[PDB]
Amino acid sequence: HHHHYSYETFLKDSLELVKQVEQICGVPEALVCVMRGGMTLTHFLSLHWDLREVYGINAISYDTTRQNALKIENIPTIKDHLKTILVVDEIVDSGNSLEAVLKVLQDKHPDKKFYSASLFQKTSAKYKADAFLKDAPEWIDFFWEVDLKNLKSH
């Protein structure tokens, strides 16, 4: 029931995500990483595609004890000559964060085409990424979340 998503599984999945992205939009011209969860994935993908145009955007949930919890911050200003953009995240749960990221990116950059890719996606998500690899299990620990604290404690 408890899945540890390991670095080795991530390498294999990253190569498959590359294949699946190239099939829909070709090689992207730039990446937007949905911080924090997309950072390691976007680092590996940007080096694989030899892409230096990498931008970040933050999706952060705050306590509504406020009108809306989710808040999208640090909106990048993508350069004019970049038109095919891949937005990268590691898991899509409800889809609310990714949908909000795309909506702001498209509003600010109406000339560009944004595609989205995730490693994992809940089947019941209200909003889904253009490309995803695996249905999200109920309970999942990612190596970037747990390996450093597990090493420290052993």
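Numbering starts at 1 and follows the sequence shown.
Q | Unresolved deposited residues in the interval that joins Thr65 and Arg66 | A | 1 to 3 residues are missing.
(Q) Please compare 106 to 114 with 83 to 91 and say which has the higher mean C-alpha temperature factor in the record. (A) So the stretch with the higher mean C-alpha B-factor is 106 to 114.
Q. From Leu45, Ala129, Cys33, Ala69, which pick has the Cα B-factor that tops the rest in the entry?
A. Going by the entry's C-alpha B-factors, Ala69 comes out highest.
Q: Using the entry's values, work out which of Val101, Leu41, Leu51, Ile60 has the largest Cα B factor.
A: Each of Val101, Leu41, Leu51, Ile60 was compared by C-alpha B-factor; the highest is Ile60.
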